[PDB]
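All letters in the sequence shown, in the order written, are residues 6 to 38, 50 to 163 by UniProt numbering. Using N, Cα and C, we set each Cβ at its ideal position, and we do this for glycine too.
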Amino acid sequence: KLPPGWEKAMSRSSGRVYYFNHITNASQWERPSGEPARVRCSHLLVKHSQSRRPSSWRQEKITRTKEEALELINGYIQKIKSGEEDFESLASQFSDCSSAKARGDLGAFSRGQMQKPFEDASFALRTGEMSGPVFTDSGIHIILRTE
Ligand SMILES: CC(=O)N[C@@H](COP(=O)(O)O)CN1CCC[C@H]1C(=O)NCCc1c[nH]c2ccccc12
């Protein structure tokens, strides 16, 4: 059992079992629960100095380090999981992609269209699920599967 990518792990603080997905970098306490032709996702992208294109609508020259980008991503994930802020609101404000203007929506796509790590993560998510930090040449993503 356990859907594609999902793995059982041991909490270092609690000793309690949790579940981690090595394709999406999602992690959760609850036990997870065939791959479709197309999926629809939104994303929030945080670029860094090592991004293939180190600029965005947010800032002409992106200078933060990959490590600093990951901290931001982790912070947004915390805000989303706690309900303090919703994904769509953070994507509109903070994503270094033009899709920010559409609350992060990329529309529907099939395999063979996106960068591979993004694609694999997108197709490993079930409808409604969100990834952890996903790394591509563009930067670091949080991905939400909407369809
Ligand atoms: C371009 C964009 O809107 N954002 C990119 C910003 O990153 P750069 O500044 O380019 O490095 C980041 N993309 C979004 C997720 C992965 C990445 C990607 O693979 N784009 C290919 C675009 C693409 C190909 N067919 C699609 C079908 C639907 C939607 C998008 C696409």
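Buried/exposed call for residue i, threshold 16 Cβ in 10 Å
| i | result |
| --- | --- |
| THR29 | buried |
| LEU7 | exposed |
| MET15 | exposed |
| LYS117 | exposed |
| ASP102 | exposed |
| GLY123 | exposed |
| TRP34 | exposed |
Same chain, Cβ closer than 7 Å to residue i, neighbours up to 5 away in sequence not counted
| i | result |
| --- | --- |
| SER114 | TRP73 |
| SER126 | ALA53, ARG54 |
| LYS95 | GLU101, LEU106 |
| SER71 | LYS77, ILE78 |
| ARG36 | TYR24 |
Under the three-state DSSP convention, the category residue i falls into
| i | result |
| --- | --- |
| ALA140 | helix |
| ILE93 | helix |
| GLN131 | coil |
| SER18 | coil |
| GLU83 | helix |
| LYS77 | coil |
| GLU12 | strand |
| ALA124 | strand |
| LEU7 | coil |
Nearest-angstrom beta carbon gap, residue j and residue i [assumed within contact, 8 Å]
| i | j | result |
| --- | --- | --- |
| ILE89 | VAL55 | That pair is no contact at about 21 Å. |
| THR162 | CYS57 | 6 Å |
| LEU141 | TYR92 | Contact doesn't hold; Cβ gap of about 17 Å is too wide. |
Own chain, CB closer than 8 Å to residue i, minus 5 neighbours either side, in chain order
| i | result |
| --- | --- |
| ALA85 | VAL62, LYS63, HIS64, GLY155, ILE156 |
| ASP153 | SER67, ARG68, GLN131 |
Own chain, CB closer than 6 Å to residue i, minus 5 neighbours either side, in chain order
| i | result |
| --- | --- |
| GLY148 | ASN30, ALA31 |
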